[PDB]
Every structure is written in structure tokens, then in C-alpha cells.
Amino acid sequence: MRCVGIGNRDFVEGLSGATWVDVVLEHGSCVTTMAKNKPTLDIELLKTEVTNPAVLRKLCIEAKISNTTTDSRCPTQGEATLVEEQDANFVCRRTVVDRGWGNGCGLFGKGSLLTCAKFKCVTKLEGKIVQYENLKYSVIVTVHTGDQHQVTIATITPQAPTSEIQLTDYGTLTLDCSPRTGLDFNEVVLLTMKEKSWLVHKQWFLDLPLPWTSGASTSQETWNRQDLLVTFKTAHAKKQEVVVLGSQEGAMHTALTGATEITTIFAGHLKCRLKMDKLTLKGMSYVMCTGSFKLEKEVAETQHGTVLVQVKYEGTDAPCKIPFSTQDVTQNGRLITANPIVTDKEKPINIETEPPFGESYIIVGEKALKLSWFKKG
């Protein structure tokens, strides 16, 4: 019983004499598969994760400056120069200011003035390239128990999309999965920033107005287009001051509202076919049972109109099979718990069944239990 508690639950039943069912697996969605004369199974895509992305480009959303120095020359005497102008860590701008006798110039007019400051980026985001080969889906498949927990999952690659999965007491199910990515991973980038990750169209990402570097650890972290966070402006023709822009983290979140949020984890969807030829529902061997049952827990209806009945048994036969059906005038009702069995008379066992609409009577015999039930619709 893995999906009965979940609200986002889907039932997939195979038509007559089918050995197989197609299912679609989305995150947060639990699917119970059924086939006649077969166990009922529950399947869910828990997580998809890509191993080992590659940093395509790191943009920087918050920077600061230091070591500000300026060079200035009087009019007629050429442009100003600073050794820091070819130091890649510095951001610089040249301009002109008023000059005359009062500031040491033999000529009145515009003199060149260059201002340089050390560019230190305080916090950054990074866009990584993700590759279809290095995807891995985690798909769990369980049996619709009947029994109580007494005191598996498959990895899916694009290079190994078929998994054989062995189910104790029930056989071996074969799960054949095709990744249905709604993306082109060369044309989208996985953007991470201060714990949180999205994935977005790439061309957008490379068009974002922030300083960038194809950051290789083989060279120190210099920045291209520093001017998108650090600028300069001329204060009334004699000074030049550095303009730092402030952290674009909030601007980035406001831009990523209409995006898809999240080694590294993601949420996609996956189409698969389950082949159950070598699957057999255990308890086929047993005998329809002899004694009375008694409600261990009151009848409980799930969020899908189906109801849960948990009971404990009366009688001598330890291994046996529950007689079970319901009537308005009996019709063989639908059962999700397939072939309800008694594995241990000591222990209590659950049975999930779909009742008919309106009034129904579920019966479970000599002194059998007649539980009234009603379904609205």
C-alpha cells in the first residue's frame, strides 16, 4: 500500500488477457497497475538526477571594488595611463575634467583622467551544461501488499533503460522505460544560484546582462563585461566615482518566476511498459477460507472513492484465502488488493476495493461481516 494515501494517484488497468500495461510516471504521482489474474503493483518515479554536469559559464550577481587609483594629465599632454589597465582584475574608465592654472596646468581646458578599481565579485551563479547520457531515473515498484508491514527501486539510464526487477514471492517483472524529455539539453542550461536551481533556455542565459567568465580553475577568476555591475561617472568635470550596482539575486528570482524550478536533481516525466509474463500472484495455491473475520479498523474511504478494510481472522487454517464480494443482488466488485490471502492468522490484513456507486454491502460465509457502505459521486 504505497499510493492509497497519495491524492495524485492514477489507476491503470489492462484490457482482457493483457500481460502488460503502459504507464506514465510524473513526479508526485503514484500509479497502481492492475491486470486480471495478476498482482496489483504500485509504481512511482521518485527522483530524476543528472550526474556530473559541466560548468558552461559562471555569471556574477554581486560585486565590490577596492584599491581605487586614478591618473590625470593636463590638457595637450595626452591620455592618462595606469599599469592596472591591462590587469584583468581591474575595471576602468577614461574621461576628461576641467584643468587650468588653479590645478597645476599651464593651459586651460579638458585634461584626460583615468580611473581604475579592483573588481572583486562577491557572489555568483553558474549555468551548467547537462547531458542526456548522464541522466538517471529512480523508479520504485512495489506490490499492492494486502499484508501489513512486519517488524524495490530500479535505476534507469538512457543506456540501460530496461530493468529486470525481482519481486519475492511474486516472480520477476520487466520494466521497459523510455525517457521522454520535453527538452533539448544542448539548448537549455541548468542554472544554480545560492542553493536553488532552475533549467532555462540557453540563449536566454547567455543573453543575461551580468559579468561572466568561462571559469576554469586553471586561471584566476577574471571577469568579462565588468561594466554590467561596475561603472564610472564624472562628478561635475573634476571627479570620477565608481558605481556598483548591488546584488542582482532578487532581480534574478523575479526573472526566473516563469521558469522551471527544482549529483544534481531535476523533475521530468518518463513513459514505460511493464511486462508481467514471469509474474504470478501468490496465494493461487490456497483454499477459500472457513471462518469469520472481524474489523480491526473501521472502514476507511480514500481520496479515490475506493475503501480500505483491515481485518483479523477466525479459524484453524493458517494459510488460506478470504471469501470476498459485495452486493446491492451480488456483482463481483472490483478489487485493487489482488487475491486477498491469509498469510498469518495472527496478523491483520488490508483489502482495498472499489465499491459500486450509491449503496453497497460488502461481505467477507457463516457469520460473515455485512458492512454497509455508500458512495456519493
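Residue numbers run from 1 along the displayed sequence.
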Absent coordinates between residue 364 and residue 365 - deposited residues affected, binned into four classes:
1 to 3
Size class of the missing deposited segment between residue 328 and residue 329:
1 to 3
Quick note on 330-338 and 26-34: per-entry mean CA temperature factor is higher in 330-338
Of 213-221 and 88-96, which one has the bigger average CA B-factor?
213-221
The largest CA temperature factor among 281, 122, 141, 242 is found at 281
Maximum C-alpha temperature factor per the entry, among 42, 314, 62, 49, belongs to which one?
314
C-alpha B factor of residue 165, ranked within the chain: lowest, middle or highest third?
highest
Assigned third (lowest, middle, highest) for the C-alpha B factor of residue 126
middle
Sorting the chain's modelled residues by C-alpha B-factor, tell me whether residue 299 ends up in the lowest, middle or highest third.
middle
Among the chain's modelled residues, which third holds the C-alpha B-factor of residue 371?
highest
Compared with the other modelled residues in the chain, in which third is the CA B-factor of residue 135?
middle
